[PDB]
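We begin with a single chain expressed as structure tokens, specifically the form deposited in one PDB entry.
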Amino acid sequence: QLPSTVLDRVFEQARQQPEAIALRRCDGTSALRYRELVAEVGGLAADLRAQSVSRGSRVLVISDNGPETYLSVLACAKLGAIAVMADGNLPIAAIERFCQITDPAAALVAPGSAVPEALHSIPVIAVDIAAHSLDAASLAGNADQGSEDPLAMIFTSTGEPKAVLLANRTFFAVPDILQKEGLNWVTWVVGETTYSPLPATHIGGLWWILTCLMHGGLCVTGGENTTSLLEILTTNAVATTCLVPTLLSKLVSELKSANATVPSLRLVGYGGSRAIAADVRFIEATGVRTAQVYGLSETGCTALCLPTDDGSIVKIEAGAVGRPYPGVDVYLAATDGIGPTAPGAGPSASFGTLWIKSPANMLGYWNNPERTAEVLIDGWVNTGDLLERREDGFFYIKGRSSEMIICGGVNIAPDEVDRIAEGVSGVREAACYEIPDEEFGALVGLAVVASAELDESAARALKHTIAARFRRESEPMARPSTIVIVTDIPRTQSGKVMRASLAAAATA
């Protein structure tokens, strides 16, 4: 039986490999060995204790996505305090808003990114690191916390922001399931190097690093010196990383612009928005295993998973988000206002709003019982997302299918649009895709591959030429609403254009 708190599971790794490096930035500064982490947690928690910060107290962790932030989280955990995750880049008014919601007892400021008015009334502690033996006095003193005790808070927006309270179990519930069931969808390897572009104030970022820390991994976060992702993954020789479809799309573009490969890369976790099947297939060709994750902050990150397997690329293109881990219960509410907690009807539908009952679910929105009671009922979380459980057992976030692009009410054949587009001089290859529209059904989006290498002006010139061509040759509604110059066009082995991969990339 593993320890029941995040901090204890981390310290257990610190006992096995105390000299192993735990946290460091991309360049290498703010580096912490596991023994240095334990020592610094104790010191910072001692500094917090001098500011009336006790068990249950809330601490505003002004994040920098670096080692100092996750140190600050674990320092709060030592007191049994709650680490309120606040983005350092955000304007003062946002952070001032955060303080009013959470009413923190103190603030932990990690460098780096003129302070809010609320911080003038509360204690503020600066947290930074510089460049022995495993101290047993810092290993002792862990507050008697449990899996149900709150650890951190993550903010989520439609307009107004809410504070998602997360217990310790959120960060190990699913990993323990994968271990117990002997599943390989997402795996950790002790000592291996990982990187997170996702901020610590992001549910995906905070969750990922903590899971890696509890598995004794080398976690590289914060201190980005380059906009290049290919560089960081190869410079630091990472094995695993957590991405959003936009960032994975960026990486693939870099892996194409240069005949490149990240050999050290073993596993890629991706999610947050519409998956791009083209980018996933490309990186699986490299030999890297991937796993799509579906979830919310309210569900403690991942709840459904889509790991690398036969036919995976096919269903990801069809809009599959995956299927739940064993122990995570799912329910499709066909009618609004009638969930699984409603008496009578009924069994889960094959289509409807997704309700999730997971051991990683939130405790509830902080200081907001009214809204919490609309989303969290009897352990079930209303995701508010429409899903479809198809006849294969997978859940799809979009529906099938548009064979023609029906704009307004007129059926528009993609082959015709492609033909007209390809009839233009400067174009080598062209493919259109469907852009959904509530008012007009669908829109015509057009991806274009230029024969030559165009600058900013030549590309714009080609764009206006293609549009003027459609104005004359085609008719409404068969006129492209958007025309974009793309490096390449993803196709199946049958030669069929993967238009969903184009659409997903168009939004991202």
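Here, rigid core means the biggest group of C-alpha atoms that superpose within 1.5 Å across both forms. A residue's number is simply how far along the shown sequence it sits, counting from 1.
- Unmodelled residues of the deposited sequence between neighbouring positions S157 and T158 number 1 to 3.
- A chain break between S113 and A114 is present, corresponding to 4 to 9 residues of the deposited sequence without coordinates.
- Per-stretch averaging of Cα B factors for 24-32 and 438-446 places 24-32 on top.
- The stretch 253-261 shows the higher mean C-alpha B-factor when 211-219 is compared against 253-261 in the entry.
- The entry lists C-alpha B-factors for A77, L248, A140, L296, and the highest of these is at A140.
- By the numbers in the PDB entry, the CA B factor is greatest at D392 among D176, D329, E148, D392.
- Sorting the modelled residues of the chain by their CA temperature factor places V497 in the highest third.
- Per-chain ranking of the deposited C-alpha B factor places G322 in the lowest third.
- Among the modelled residues of the chain, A459 sits in the highest third by CA temperature factor in this PDB entry.
- Per-chain ranking of the deposited C-alpha B factor places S481 in the lowest third.
- Ranked by Cα temperature factor within the chain, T193 sits in the middle third according to the deposited record.
Heads up, the form deposited in another entry isn't pictured, but that's what we're talking about next.
- Of the residues listed here (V444, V53, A39, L32), only one shifts its CA by 2 angstroms or more between the shown form and the other one after fitting on the rigid core, and it is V444.
- With the core superposed, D336 shows a C-alpha displacement below 2 Å between the shown form and the other one.
- In the core-superposed comparison between the shown form and the other one, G191 has its Cα shifted by less than 2 Å.
- A displacement of less than 2 angstroms separates the C-alpha positions of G146 between the shown form and the other one, with the rigid core held in common.
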